[PDB]
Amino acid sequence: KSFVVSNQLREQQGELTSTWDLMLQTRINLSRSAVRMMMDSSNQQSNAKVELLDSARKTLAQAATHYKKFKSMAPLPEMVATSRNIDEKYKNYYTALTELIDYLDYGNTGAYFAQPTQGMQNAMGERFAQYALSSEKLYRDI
């Protein structure tokens, strides 16, 4: 099986890297918007806060597109548990990120700061590292 199966593994990793990366980029643009919503309107800097929130929204939608691609390539047997785990972490971090867009949609920075977002970022981050370790080891077995 080795070509077809190991290429499947690389394509599942690429798509997951694209999902993780675009969620970190959503986190970044939500951050850049929240600081400008705190600084108010006099501040020359405050004025891009809606562009930034719009960029955040756009990269989350792109993370969700790559994730569905990732989910369409069925996990190989040994990959099933980390892939299940990734899905759990992914949904908690996607949701955190969605609620943050929802708050800034109406300028609620108080609720933005009150969400413990980093905890969820970190859990996905560790899931990602575990998926990547597990896929390297099947790839050097395939």
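A residue's number is simply how far along the shown sequence it sits, counting from 1.
Peer 1: Given the B-factors recorded for C-alpha atoms, which segment has the greater mean, 47-55 or 98-106?
Peer 2: Averaged over C-alpha atoms, the B-factors run higher in 47-55.
Peer 1: Return whichever of 84-92 and 36-44 has the greater mean Cα B factor according to the PDB record.
Peer 2: Comparing 84-92 with 36-44, the higher average CA B-factor belongs to 36-44.
Peer 1: Which has the highest CA B-factor per the PDB entry: 30, 73, 79, 64?
Peer 2: Going by the entry's C-alpha B-factors, 73 comes out highest.
Peer 1: Of the three thirds of its chain by CA temperature factor, lowest, middle or highest, which one includes residue 133?
Peer 2: Highest third of the chain for residue 133's C-alpha B-factor.
Peer 1: Considering every modelled residue of the chain and its Cα B-factor in the PDB entry, is residue 21 in the lowest, middle or highest third?
Peer 2: Lowest third - that is where residue 21 ends up once the chain's C-alpha B-factors are sorted.
Peer 1: Place residue 11 in the lowest, middle or highest third of its chain's C-alpha B-factors, as listed in the PDB entry.
Peer 2: Highest third - that is where residue 11 ends up once the chain's C-alpha B-factors are sorted.
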